[PDB]
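# Provide a 3D model corresponding to the input given below.
(8 chains)
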Amino acid sequence: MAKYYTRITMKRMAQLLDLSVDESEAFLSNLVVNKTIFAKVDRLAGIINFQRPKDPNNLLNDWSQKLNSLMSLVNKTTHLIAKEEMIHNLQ
Amino acid sequence: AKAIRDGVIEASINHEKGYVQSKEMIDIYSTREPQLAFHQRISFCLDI
Amino acid sequence: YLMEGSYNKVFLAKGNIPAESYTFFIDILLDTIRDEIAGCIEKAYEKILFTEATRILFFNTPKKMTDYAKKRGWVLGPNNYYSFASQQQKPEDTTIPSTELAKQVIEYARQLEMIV
Amino acid sequence: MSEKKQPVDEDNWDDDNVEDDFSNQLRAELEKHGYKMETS
Amino acid sequence: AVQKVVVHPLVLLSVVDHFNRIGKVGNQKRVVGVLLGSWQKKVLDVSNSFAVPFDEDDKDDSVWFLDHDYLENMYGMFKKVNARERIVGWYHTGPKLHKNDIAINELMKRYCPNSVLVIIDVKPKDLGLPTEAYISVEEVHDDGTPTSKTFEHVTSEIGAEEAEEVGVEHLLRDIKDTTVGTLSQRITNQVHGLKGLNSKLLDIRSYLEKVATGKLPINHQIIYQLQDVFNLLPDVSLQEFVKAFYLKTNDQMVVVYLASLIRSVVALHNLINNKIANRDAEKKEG
Amino acid sequence: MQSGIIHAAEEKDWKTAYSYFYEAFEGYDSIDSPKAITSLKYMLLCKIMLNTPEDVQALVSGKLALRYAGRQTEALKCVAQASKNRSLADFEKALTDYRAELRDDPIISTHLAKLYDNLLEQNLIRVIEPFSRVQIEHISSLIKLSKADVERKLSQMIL
Amino acid sequence: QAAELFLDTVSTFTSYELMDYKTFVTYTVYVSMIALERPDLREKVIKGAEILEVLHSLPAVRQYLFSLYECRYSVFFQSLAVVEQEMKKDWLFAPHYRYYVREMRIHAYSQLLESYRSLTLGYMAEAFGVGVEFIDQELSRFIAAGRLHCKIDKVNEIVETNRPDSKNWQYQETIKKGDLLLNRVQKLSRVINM
Amino acid sequence: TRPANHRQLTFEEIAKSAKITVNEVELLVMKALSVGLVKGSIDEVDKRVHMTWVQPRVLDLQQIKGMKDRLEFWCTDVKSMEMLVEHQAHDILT
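Residues are numbered from 1 along each chain as shown, chains lettered A, B, ... in the order given. Let me share the structure:
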């Protein structure tokens, strides 16, 4: 749930646990005071979520990571094309 | 109305009711303009 | 009075022309009000019935309100001046700052390292 | 030196900003409270 | 297995002088030679080489010859003069990846396990590095056969050495674009690197020469990567990419404003240091 | 002992005032057991007072205090467990079960309102943690307390 | 800086110039109540016995400190008018008596107002200090003075607050000092070299 | 099929094009993420999923025309931005 769910209600999860929403909050309390699962729950609209910082850094930082992987990716095909031309059009 | 034509204030006047609402436009920090107030002065202090 | 938002006082000066006729000039003063609030009728005017913005300028119900209401928007409706307001498309450009500003960074580096 | 060819003829600034906001407002703001005790 | 290679100017010229001393053949000759060196920490090194005599005729272009007596005696001499130096692979003069270099490496794989080749340039012009090294890799797949020993270009660079920098930088004495301010970045990569992206842009355009006219293999393994390129187009200027950009530019130009602010005060203090040198010298000397 | 009694009565220096009871117990080592076993009280109470609760269990786990076991050192270990787990009724059962030796000394009587505030806000910030916009009725439920005192007390927290 | 030099009040002495030690105590509390925030006030001046026993003889100053710390807002304006009145009639504080209470008012308004978000304007007249139109014109000139971070609604009778970042406010004084020093070195730059 | 404009679909659309009910599509797409043919995120409350990375497929001689056209103006983007560098940055280094 913490891996794949960006944001879920406080009824769908409790339906996936087959128990109370109160017992569900007791389950989500002792793990975030253990801070082994980071979550920011709600009890007015029940809109609870996982792994939500603000990130002033990792947007453009991971964007630059996509830049580096991008330039490596266009670096990959470039020397791959030439030999493929050479196994048809050498002599 | 000429303060919107001059653009002094942005938000709407409830001309039917009578009140003048105004939005809360904050975070001018994420604008091009403090870099503009810089850029007026960067080249200036380079010139001096 | 034409400088600030004084409008009805201008029509009071159209109630007081003391020197002589001044008619040829107050009719161009008519027209320069006509395009004025024909232009600034387009503001954040959330909904107005066919009374207020109707009788501020000159015209109650001739088809001059069809001339403005069909020249521009503010469409003739169920006692309704339609407030259309998008104001959404033109922001959110980094590219024009990434062109002009990329020019200006080089304009920094010219008078930073190169002797003149 | 210091000639001026003539063709024609802290202690203060933070105080002056106090004058800038509170130029002429509530000078003797001492009894208005006791005058608002009965009106408010 | 191999990370990258290290190439020296000594071996780099040491192909070229041999190309000159065979330069009287005129018609056609590739300069095949034995590449010598080490590799440590999985980092390939090339320090020395020589060139084996080699001839090859165009008709039945699969008839190659390496004088292994010339291999063994001269490598024995080089081991004798330097036991640290050893074999590292081979090389050829490499205009455009000759065909016998599928089994030259197989002919002398019994000397080096990663018997590497090096393609060089004899007519030096590009906007990059005219130094190349492949590696021998065989991988049976689901769209061919067994013997799939194709060559894969391990990344390459010209490595330096404290011994050779003295004599090499003596051998320039000509032009040297030092005084690294911002200009070295601005020119070696902001001018030059964009034209580096020009050619890699242009190479898939040269492959795109198969729409109805080019060679027979259509797609299979070319389009997953390009599909990952156009998949990997970056984020547009609307979502939050604007906001953190104006945020951090809005932080960077602060520090720029500080440094530019102080620099003028420095030069002003120096001007005071010069007018004291003026006013108490004009009266003193006369 | 009384070099730490008055310094604890002014609450100025729990470190050196702790050290006076430590030196008092080291002087009371194996020659005066009734003063030694009450000298454990004024150091471990000064340590829970110091809000370092684990070192109480580190000291009584030491073999010097394994000799001097008793009811009152367990009455300190339960308080150390109470401020260890950071909850109010955990301490209220500790006063309730061991009231005969906890609620016995005239200065020990006047240490529990401030500890009640420290533990009140301690379990408070324990429970306030996991969430977003919330109700005060649910926090009065989960604390099991009123809404006016929690509302004013949390207002004292944000103020 | 004045309270920071008035930090000790222990090594300070029964002076020739402040022959009342307690007048020195009144001075350091009057400068401390602006000079430091709640954490400092909630440890330093509230727990000091050496500072406590000297305002122990002070009936008003002990009240005037505790009316602010104990959220006694209505009498705080009364004792505020007292101390401001004597400060108006005081040497060395008569240069800045208007500067004092214009910071005291916005300080208390910051204190109460930075607790809640939806507290209405009519709540504050009876529990805070009388005069609805006074709170009207008083907060209006402070939001209009560009401080006191909130945004008041009028014709539904509710006061709303926000929270700003430490960016644009911290940006502001930087462009102030930058323009100030630019004026300085520009002016001197024309002073030297003719 | 969906462009890089959005490439964000909803469980109503999954229940339309796969005609499978509302309380199975989450298990389906979590199974898809567990296999790893697709890489994306799951929002529950807005009933949408931000699918990012897809398993790459094959294509004919017609899609290379579209990739040709997307290559085409991407060339002159590099030309157009680089010409500012050559023109404006000329006097720094000849």
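
# Isn't residue E:91 up against residue E:50?
No. In this structure residue E:91 lies outside contact range of residue E:50 using CB atoms under 8 Å: 10.3 Å. Where you see a C-beta, it was placed from the backbone N, CA and C, and this is true even at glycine.

# Are there residues contacting both of the two? Which ones?
Here residue E:91 and residue E:50 have E:33-34 as joint contacts, going by CB atoms under 8 Å, 6 or more residues apart in numbering or on different chains.

# the more surrounded of those two?
Neighbour totals were compared for residue E:91 and residue E:50, and residue E:91 leads with 27 against 18 (other CB atoms under 10 Å in any protein chain shown).

# Next one: the nearest residue to that one once chain neighbours are set aside from chain A, what distance?
Leaving aside its sequence neighbours, residue E:91 sits nearest to residue E:118 (CB to CB, 6 or more residues apart in numbering or on different chains; 3.7 Å). According to CB to the nearest CB, to the nearest Å, residue E:118 stands 14 Å off from chain A.

# and residue E:118, what does it touch?
Here residue E:118 is in contact with E:5, E:7, E:35, E:46, E:89-92, E:94, E:131-133 (criterion: CB under 8 Å, 6+ apart).

# Also residue G:57?
Residue G:57 makes contact with residue G:22, according to CB under 8 Å, 6+ apart.

# cool, and residue E:187?
E:177, H:89, H:92-93.

# Quick one, which of the residues you listed are buried?
Those of these that meet the buried threshold are H:89, H:92, by 16 or more other CB atoms under 10 Å in any protein chain shown.

# and the contacts of residue E:187 near chain C, which?
H:89, H:92 (CB under 8 Å from any CB of the partner chain).

# from the contacts of residue E:187, which is closest to residue B:9?
Nearest to residue B:9 among those is residue H:89, at 43.4 Å by CB to CB.

# Okay, that closest one and chain E: tell me how far apart.
From residue H:89 to chain E the distance is 6 Å (CB to the nearest CB).

# correct me, but that residue touches residue C:106?
Yes. The criterion here is CB under 8 Å, and residue H:89 meets it with residue C:106 at 5.6 Å.

# Could you tell me which residues of chain D lie near chain G?
Checking chain D against chain G by CB under 8 Å from any CB, the hits are D:11, D:14-15, D:18, D:21-22, D:25, D:29-30, D:32-33, D:36-37, D:39-40.

# Quick one, which of those are buried?
D:18, D:22, D:29, D:33, D:36.

# What residues does chain C have near chain D?
So chain C never meets chain D (CB under 8 Å from any CB).

# Which strands and helices lie in contact with the longest helix along chain E?
Across chain E, the longest stretch assigned as helix under DSSP state H is helix E:243-285. Applying 3 or more CB pairs under 8 Å, 6 or more residues apart in numbering or on different chains; DSSP states H and E, one finds that helix E:243-285 makes contact with helix A:58-86, helix B:33-47, helix G:168-191.

# With distance to chain E and mean neighbour count as new columns, can those be given to me in JSON lines?
Converted to JSON lines, the helices and strands packed on helix E:243-285 look like this (distance: least, CB to the nearest CB, whole Å; neighbours: other CB atoms under 10 Å in any protein chain shown):
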{"stretch": "helix A:58-86", "distance to chain E": "4", "mean neighbour count": "14"}
{"stretch": "helix B:33-47", "distance to chain E": "5", "mean neighbour count": "16"}
{"stretch": "helix G:168-191", "distance to chain E": "6", "mean neighbour count": "12"}
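
# In CSV, list those helices along with distance to residue E:148.
Converted to CSV, the helices and strands packed on helix E:243-285 look like this (distance: least, CB to CB, whole Å):
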stretch, distance to residue E:148
helix A:58-86, 12
helix B:33-47, 56
helix G:168-191, 62
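
# Contacts only, for residue G:94.
G:87-88.

# I'd like to know how far it sits from residue G:77.
With distances taken as CB to CB, to the nearest Å, residue G:94 is found 21 Å from residue G:77.

# Ok, residue H:82 next?
From residue H:82 to residue G:77 the distance is 68 Å (CB to CB).

# out of the two, which sits in the more crowded spot?
Using other CB under 10 Å as the criterion, residue H:82 and residue G:77 rank with residue G:77 on top: 21 against 17.

# element containing the more buried one, please.
Using DSSP states H and E, residue G:77 sits within helix G:73-88.

# on contacts alone, who are the packing partners of the next helix or strand after that helix?
Following helix G:73-88 in sequence order, the next helix or strand is helix G:97-113 (DSSP H and E). Counting contacts by 3+ CB pairs under 8 Å, 6+ apart, helix G:97-113 packs against helix D:13-21, helix G:21-35, helix G:73-88, helix G:132-143.

# Show me which helix runs longest in chain F.
When chain F is parsed with DSSP H, its longest helix is helix F:112-128.

# Tell me how far stretch E:54-72 lies from the chain's centre.
28 Å (CA atoms, centre = their mean, to the nearest Å).

# how about it: buried residues?
By 16+ other CB under 10 Å, the buried positions in stretch E:54-72 come out as E:54, E:56, E:64, E:66, E:71.

# Make sure the third one is actually in contact with residue E:107.
Yes. Applying CB under 8 Å, one finds residue E:64 in contact with residue E:107, separated by 7.4 Å.

# residues in contact with the closest residue to chain B within the stretch 51-200 of chain E?
Nearest residue of the stretch 51-200 of chain E to chain B (CB to the nearest CB) works out as residue E:182 at 13.7 Å. Neighbouring residues of residue E:182 by CB under 8 Å, 6+ apart: C:109, C:112-113.

# 10 Å instead, please
By CB atoms under 10 Å, 6 or more residues apart in numbering or on different chains, the contact set of residue E:182 is C:105-106, C:108-109, C:112-113, E:190, H:92.

# spatially speaking, which residue is in the middle of chain F?
Nearest to the geometric centre of chain F sits residue F:48, at 4.1 Å (CA atoms, centre = their mean).

# Mutual contacts of residue H:89 and residue C:106, please.
E:186, E:190.

# Point me to the residue of chain H nearest chain G.
Counting by CB to the nearest CB, chain H gets nearest to chain G through residue H:45 (24.8 Å).
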